[PDB]
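Here is the structure we will look at, set down as structure tokens.
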Amino acid sequence: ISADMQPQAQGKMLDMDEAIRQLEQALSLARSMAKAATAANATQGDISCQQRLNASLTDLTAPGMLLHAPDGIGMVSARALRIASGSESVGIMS
Amino acid sequence: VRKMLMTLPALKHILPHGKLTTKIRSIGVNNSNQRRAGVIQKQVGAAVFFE
Amino acid sequence: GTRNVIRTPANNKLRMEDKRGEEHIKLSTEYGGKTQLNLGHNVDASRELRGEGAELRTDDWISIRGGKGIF
Amino acid sequence: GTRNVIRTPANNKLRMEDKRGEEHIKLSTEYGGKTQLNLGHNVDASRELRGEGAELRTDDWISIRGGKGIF
């Protein structure tokens, strides 16, 4: 699901160049901070699963969900919201 | 690569004491789309084997 | 009766069920599982209800791309 | 030629490609980029595959509203 323009449908159905930049950049940030956490003797984040997610979501080589919007995403509700990973990590990169 | 290995001086003396063949494998490919086109598909794998 | 079908030999179909209270539209192609858009009173091959509302359905990828925003 | 099309002078299209193993349905309008619903073996103008599955496509907004829930 993408708020990215592909004018006149010129391109692949799954052109996610900017979605991929966002995924690459987030994992790049997660990885630099994981090195910082090791140097500081903090607990390290799970880079392993966020690294498979980049693999899975890039061109959707595995059945995942990629939501990208160049101008921001809002997930709002009056009721409860759940972001849950059953077996792996949730990563909030910023 | 099998003919290369029979030529290879590294295994010059090891190969004559066993069987150097090319194993071939072929399994069925479920491609429902190509089935509608009348195209049935197989995956053939081949490597040099040494017993 | 109550079903207008535009069905092509490749089973690309635009089916419109007119059974009142059970109307639906099925836009289905055979490719990728069954890539369908089902609107309305969605039924299976046995004409049993399998869902109400809209279903964009495939065994391949879904891509929803709106250049000005997704709501 | 294995390709049925219901095409209007404004290039509002319902195209059904019957090419076996490469079937697709295209529902396209010219407004808003090309606002299209592509199902199946989605090809570009050159008839080269540009994606498999279902693509809801526009240069304007996409609104997906289900009053009872979205899955």
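For the structure tokens, the naming scheme is as follows: chains receive sequential letters (A, B, ...) according to their order of presentation, residues are indexed from 1 within each chain, and ligands are indexed from 1 in presentation order.
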* Among chain B, which ones does DSSP place in helix (DSSP H, G or I), written as a PyMOL selection string? -> chain B and resi 2-7+9-11+15-17+32-36
Could those residues be written to a file, using C-alpha atoms, as a PDB file, in the first residue's frame?
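Output (part-v9.pdb):
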ATOM      1  CA  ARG B   2      33.273 -33.636 -14.577  1.00  0.00           C
ATOM      2  CA  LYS B   3      35.539 -33.679 -17.616  1.00  0.00           C
ATOM      3  CA  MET B   4      37.550 -30.909 -15.967  1.00  0.00           C
ATOM      4  CA  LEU B   5      37.929 -33.044 -12.846  1.00  0.00           C
ATOM      5  CA  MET B   6      39.027 -36.109 -14.796  1.00  0.00           C
ATOM      6  CA  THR B   7      41.611 -33.790 -16.356  1.00  0.00           C
ATOM      7  CA  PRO B   9      45.822 -33.298 -11.636  1.00  0.00           C
ATOM      8  CA  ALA B  10      44.648 -32.618  -8.074  1.00  0.00           C
ATOM      9  CA  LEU B  11      42.397 -35.698  -8.008  1.00  0.00           C
ATOM     10  CA  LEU B  15      39.172 -40.673  -8.796  1.00  0.00           C
ATOM     11  CA  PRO B  16      40.259 -44.074 -10.213  1.00  0.00           C
ATOM     12  CA  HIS B  17      39.319 -45.632  -6.857  1.00  0.00           C
ATOM     13  CA  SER B  32      -0.802 -23.425 -12.072  1.00  0.00           C
ATOM     14  CA  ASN B  33      -0.446 -20.551 -14.507  1.00  0.00           C
ATOM     15  CA  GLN B  34       1.692 -22.504 -16.956  1.00  0.00           C
ATOM     16  CA  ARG B  35      -0.673 -25.443 -16.536  1.00  0.00           C
ATOM     17  CA  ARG B  36      -3.401 -23.346 -18.145  1.00  0.00           C
TER      18      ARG B  36
END
* Counting only C-alpha atoms, collect the residues of chain C whose closest atom lies at most 9 Å from chain B, and write them out as JSON, numbers by chain. => {"C": [10, 30, 31, 32, 33]}
Deliver the residues from the most recent selection as a file, using N, CA and C atoms, as a PDB file, in the first residue's frame.
ATOM      1  N   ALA C  10     -11.058 -17.943 -21.374  1.00  0.00           N
ATOM      2  CA  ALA C  10     -10.054 -18.067 -20.335  1.00  0.00           C
ATOM      3  C   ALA C  10     -10.620 -17.887 -18.950  1.00  0.00           C
ATOM      4  N   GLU C  30      -8.400 -15.963 -13.837  1.00  0.00           N
ATOM      5  CA  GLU C  30      -7.810 -17.202 -13.368  1.00  0.00           C
ATOM      6  C   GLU C  30      -6.385 -17.040 -12.902  1.00  0.00           C
ATOM      7  N   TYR C  31      -5.732 -15.946 -13.244  1.00  0.00           N
ATOM      8  CA  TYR C  31      -4.309 -15.825 -13.013  1.00  0.00           C
ATOM      9  C   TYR C  31      -4.035 -15.539 -11.556  1.00  0.00           C
ATOM     10  N   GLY C  32      -3.015 -16.186 -11.024  1.00  0.00           N
ATOM     11  CA  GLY C  32      -2.559 -15.910  -9.686  1.00  0.00           C
ATOM     12  C   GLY C  32      -3.544 -16.414  -8.672  1.00  0.00           C
ATOM     13  N   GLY C  33      -3.772 -17.718  -8.667  1.00  0.00           N
ATOM     14  CA  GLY C  33      -4.855 -18.240  -7.876  1.00  0.00           C
ATOM     15  C   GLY C  33      -6.141 -17.927  -8.585  1.00  0.00           C
TER      16      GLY C  33
END
* Tell me the residues of chain A close to chain D, meaning within 8 Å using only C-alpha atoms, as a ChimeraX atom specification. => /A:5-14
Residues of the last selection are to be written out with N, CA and C atoms, as a PDB file, in the first residue's frame.
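Saved as selection_34.pdb:
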ATOM      1  N   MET A   5       3.522   8.227  -6.175  1.00  0.00           N
ATOM      2  CA  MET A   5       2.970   8.377  -7.504  1.00  0.00           C
ATOM      3  C   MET A   5       3.795   7.594  -8.511  1.00  0.00           C
ATOM      4  N   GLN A   6       3.106   6.879  -9.386  1.00  0.00           N
ATOM      5  CA  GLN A   6       3.704   6.191 -10.521  1.00  0.00           C
ATOM      6  C   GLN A   6       2.953   6.690 -11.739  1.00  0.00           C
ATOM      7  N   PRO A   7       3.295   7.871 -12.239  1.00  0.00           N
ATOM      8  CA  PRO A   7       2.423   8.548 -13.200  1.00  0.00           C
ATOM      9  C   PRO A   7       2.155   7.712 -14.438  1.00  0.00           C
ATOM     10  N   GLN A   8       0.885   7.661 -14.828  1.00  0.00           N
ATOM     11  CA  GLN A   8       0.418   6.950 -16.010  1.00  0.00           C
ATOM     12  C   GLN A   8       0.718   5.471 -15.954  1.00  0.00           C
ATOM     13  N   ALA A   9       0.870   4.924 -14.754  1.00  0.00           N
ATOM     14  CA  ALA A   9       1.171   3.512 -14.549  1.00  0.00           C
ATOM     15  C   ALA A   9       2.439   3.098 -15.270  1.00  0.00           C
ATOM     16  N   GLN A  10       3.384   4.017 -15.387  1.00  0.00           N
ATOM     17  CA  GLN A  10       4.664   3.732 -16.014  1.00  0.00           C
ATOM     18  C   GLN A  10       5.573   3.161 -14.944  1.00  0.00           C
ATOM     19  N   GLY A  11       5.779   1.857 -14.977  1.00  0.00           N
ATOM     20  CA  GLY A  11       6.639   1.234 -14.003  1.00  0.00           C
ATOM     21  C   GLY A  11       6.108  -0.105 -13.575  1.00  0.00           C
ATOM     22  N   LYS A  12       6.858  -0.814 -12.748  1.00  0.00           N
ATOM     23  CA  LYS A  12       6.383  -2.065 -12.197  1.00  0.00           C
ATOM     24  C   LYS A  12       5.273  -1.807 -11.195  1.00  0.00           C
ATOM     25  N   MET A  13       4.394  -2.793 -11.048  1.00  0.00           N
ATOM     26  CA  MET A  13       3.351  -2.725 -10.034  1.00  0.00           C
ATOM     27  C   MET A  13       3.946  -2.482  -8.659  1.00  0.00           C
ATOM     28  N   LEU A  14       5.057  -3.147  -8.359  1.00  0.00           N
ATOM     29  CA  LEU A  14       5.739  -3.070  -7.075  1.00  0.00           C
ATOM     30  C   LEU A  14       7.002  -2.233  -7.128  1.00  0.00           C
TER      31      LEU A  14
END
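From CA of residue 57 in chain A back to CA of residue 30 in chain B, the distance works out to 24.3 Å.
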* **Polymer residues at most 9 Å from residue 2 in chain A, only C-alpha atoms, same-chain spacing of 6 or more positions, as a PyMOL selection string** => (chain A and resi 16+19+66-70) or (chain C and resi 63-67+69-70)
Grab the residues selected above and save them as a tab-separated table (two decimals), in the first residue's frame with C-alpha atoms.
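Dumped to out_38.tsv:
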chain	number	residue	atom	x	y	z
A	16	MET	CA	9.09	0.70	-4.13
A	19	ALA	CA	9.84	2.43	0.34
A	66	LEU	CA	4.71	-2.70	3.17
A	67	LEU	CA	2.91	0.52	3.95
A	68	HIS	CA	4.70	3.53	2.56
A	69	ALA	CA	3.58	7.10	2.27
A	70	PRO	CA	6.05	9.85	1.34
C	63	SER	CA	-0.60	-3.17	-4.79
C	64	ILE	CA	-2.69	-0.19	-3.73
C	65	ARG	CA	-1.02	2.94	-5.02
C	66	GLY	CA	-2.63	6.34	-4.69
C	67	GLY	CA	-0.34	9.16	-5.68
C	69	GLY	CA	-2.75	9.64	-0.47
C	70	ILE	CA	-4.33	6.48	0.83
Just list as a tab-separated table (two decimals) with C-alpha atoms, in the first residue's frame whatever in chain D DSSP marks as strand (DSSP E or B).
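Full text of selection.tsv as output:
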chain	number	residue	atom	x	y	z
D	3	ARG	CA	-8.02	-9.99	-25.69
D	4	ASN	CA	-11.59	-8.79	-25.19
D	5	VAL	CA	-12.02	-5.08	-24.54
D	6	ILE	CA	-15.03	-2.91	-23.73
D	7	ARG	CA	-13.52	0.46	-24.61
D	13	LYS	CA	-11.67	0.29	-20.63
D	14	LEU	CA	-12.68	-3.12	-19.44
D	15	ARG	CA	-10.04	-5.31	-21.04
D	16	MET	CA	-9.94	-9.05	-20.50
D	17	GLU	CA	-6.84	-10.79	-21.79
D	24	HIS	CA	-5.66	-10.44	-16.88
D	25	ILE	CA	-8.53	-8.03	-16.40
D	26	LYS	CA	-7.89	-4.32	-16.73
D	27	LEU	CA	-10.46	-1.76	-15.63
D	28	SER	CA	-9.00	1.60	-16.52
D	29	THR	CA	-10.05	5.22	-16.79
D	35	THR	CA	-7.02	5.19	-12.42
D	36	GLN	CA	-6.92	1.45	-12.96
D	37	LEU	CA	-7.82	-1.83	-11.36
D	38	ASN	CA	-5.52	-4.44	-12.83
D	39	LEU	CA	-6.08	-8.11	-12.04
D	40	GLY	CA	-3.90	-11.05	-12.95
D	41	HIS	CA	-1.05	-10.85	-15.43
D	42	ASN	CA	-0.62	-7.11	-15.50
D	43	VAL	CA	1.25	-5.92	-18.57
D	49	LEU	CA	4.63	-7.97	-17.46
D	50	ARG	CA	4.62	-5.13	-14.96
D	51	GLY	CA	3.25	-7.10	-12.04
D	52	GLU	CA	1.19	-10.10	-10.99
D	53	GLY	CA	-1.81	-9.88	-8.70
D	54	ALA	CA	-4.24	-7.05	-8.07
D	55	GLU	CA	-3.25	-3.42	-8.45
D	56	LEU	CA	-5.55	-0.57	-7.49
D	57	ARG	CA	-3.79	2.30	-9.10
D	58	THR	CA	-4.24	6.06	-9.30
D	61	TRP	CA	-6.37	9.47	-3.72
D	62	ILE	CA	-7.38	5.94	-2.88
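Computed from the coordinates, the CA of residue 3 in chain A to CA of residue 55 in chain A distance equals 21.4 Å.
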* CA of residue 25 in chain A to CA of residue 45 in chain A: how many Å, to one decimal? ->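 Separating CA of residue 25 in chain A from CA of residue 45 in chain A is a distance of 16.1 Å.
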